[PDB]
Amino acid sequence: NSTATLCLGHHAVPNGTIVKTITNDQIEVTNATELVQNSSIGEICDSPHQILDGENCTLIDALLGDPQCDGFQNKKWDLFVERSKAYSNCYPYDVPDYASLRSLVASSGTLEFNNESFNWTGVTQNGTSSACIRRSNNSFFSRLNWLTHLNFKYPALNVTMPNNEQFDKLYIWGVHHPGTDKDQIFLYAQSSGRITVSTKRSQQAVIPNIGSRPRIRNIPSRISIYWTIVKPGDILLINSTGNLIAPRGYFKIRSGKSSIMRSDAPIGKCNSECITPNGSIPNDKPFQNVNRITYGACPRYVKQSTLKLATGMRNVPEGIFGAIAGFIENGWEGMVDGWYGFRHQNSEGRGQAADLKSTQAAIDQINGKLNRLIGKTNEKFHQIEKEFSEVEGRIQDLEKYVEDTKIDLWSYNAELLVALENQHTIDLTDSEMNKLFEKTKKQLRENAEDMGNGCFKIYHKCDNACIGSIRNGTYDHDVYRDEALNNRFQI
């Protein structure tokens, strides 16, 4: 009562959160934040990326000109979205290395088509069919020109088209495989058939194959689709003695941030940077567990479903410096205006006051970590395919291995980051507590002794103004030293 008590302490909360550290699988901190995005809003937002809903059409079909896809002529996109309900409703076709054509078009991001006046003298043009109905009338692929005999003849062709432009030209064309020699003759006069299209730096030579294939919408014949790119100064040369499905011009081909994604998520009227096939996801967090397939500024895909980053000190209700959860027995739930503070007992009563500077010092360091982690995601656009409908073997093994390797390495980085950061956050908060204790100890000089539990026995009368002077660093120890020394060193 000719003394006072001044206790240093830290807050605590009733609702702590369990986090992982380097040394401990489960340690409770006052607060934490989730680093793995685990949910989607279920819609693909139409902003800020130019979305193109394929709806009933695949990219290839819109490219070829299946009547169902006429509304897609000359469209551009940042992301083309293919629905699984999609289906082709024209002449049956295949594409050798389909995936590569789909990819290069997707990545180009435009269906811009220019018509070119090819010299088809000696042949019938605009071939038409019952399996490809447009406006209730028999039609064909809008971008392709089906050549047939004219007056029962079909001469050799040797037509050229030069690229005298400042850009690349993308040609799409194909070969017809009739189901019967009857049809071969009926359509092309001759029995055989041969197609050869060349440039200065390439040649693709195709030999038709008459034969039966299982009928698709009642058609047993097939078209095989091919592409060739012609650069400025180069020339397209197309030779044919049969079966040639002719281009009507070229597609502009670009390089940019365009791509394509398989999804059945509906398009919504909203704005979100990151798109997955499950829908758009917020990109505030650095990691996500929604889908390895993403487009835009996205958190990185990891295996974990949750990773909590501590944003507060260890919670001790009721560190390397040994203050928090050490010589200070527990935290103060009644301290809600700061993280660290003072409790005192003197002649005028018992009080509690937060220390702002130590509180702010810890908060700033924690916000420093958050600043490095939150809202810093990176943009990816066209990548590789990561889900597959058919067995292909080698190349598919490689593609899957690459993505699995990547994911394990990112999942490792995420796990280690959080464990290291959390160990460090618990240590820095213990350190700020220790610094406050140490600073106060030095202030008191010979006027007080450390009771070993964060409390100082102050060996002189110390009213509220006196305690206040200690808390704001204006305590003059010389004023009380004589009083304190006599109380300390007596019998």
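Position 1 is the first residue in the sequence shown; the rest follow in order.
- The modelled chain breaks between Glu318 and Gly319, where 4 to 9 residues of the deposited sequence lack coordinates.
- Taking only CA atoms, the mean B-factor in the PDB entry is higher for 249-257 than for the other of 369-377 and 249-257.
- Mean CA temperature factor is higher for 38-46 when stretches 38-46 and 447-455 are set side by side in the entry.
- Annotation for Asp284, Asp397, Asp234, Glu329: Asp234 ranks highest, by Cα B-factor.
- Per the PDB entry, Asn151 shows the highest C-alpha temperature factor of the residues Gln288, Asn151, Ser411, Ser84.
- Per-chain ranking of the deposited C-alpha B factor places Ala323 in the lowest third.
- The entry lists a Cα temperature factor for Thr110 that places it in the middle third of the chain's modelled residues.
- In the deposited entry, the Cα temperature factor of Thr180 sits in the top third of values across the chain's modelled residues.
- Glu116 sits in the highest third of its chain by CA B factor, as recorded in the PDB entry.
- Among the modelled residues of its chain, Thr58 has a C-alpha B-factor that falls in the middle third, as given in the PDB entry.
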